[PDB]
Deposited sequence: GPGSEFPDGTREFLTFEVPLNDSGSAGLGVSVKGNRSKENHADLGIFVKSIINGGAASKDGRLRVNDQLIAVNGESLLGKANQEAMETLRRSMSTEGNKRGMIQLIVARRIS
């Protein structure tokens, strides 16, 4: 959707492999960012409960994903997750109800 989002941050603990989510790039016509597509049940994110589907990932441990294109942003995200090889600070953008 092309609506209004606010920024939220929370810390997600690890080491229960990873966050336990799938993310997808979004594009339109002529792009939009990286978004949570699904949350794997039993995953770190699932246990923690705060991350939601359709949240846009904005930053990971201080590493912004803005300004980048979906390709670069995805890269930056994977890079920032290779922490081990136990806590991720997420900044997300979530649509206002």
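Enquirer: Which deposited-sequence positions, grouped into ranges, are missing C-alpha coordinates?
Expert: Coordinates drop out over 1 to 6, 23 to 25, 40 to 42, 98 to 100.
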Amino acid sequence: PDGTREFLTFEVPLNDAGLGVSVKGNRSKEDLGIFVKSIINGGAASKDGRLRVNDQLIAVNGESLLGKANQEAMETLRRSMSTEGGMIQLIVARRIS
From here on, numbers count along this sequence of modelled residues.
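Enquirer: Return whichever of 75 to 83 and 5 to 13 has the greater mean Cα B factor according to the PDB record.
Expert: If you average the C-alpha B-factors of 75 to 83 and of 5 to 13, the larger mean comes out for 75 to 83.
Enquirer: Mean C-alpha B-factor higher for 35 to 43, or for 51 to 59?
Expert: Looking at the recorded C-alpha B-factors, 35 to 43 comes out higher on average.
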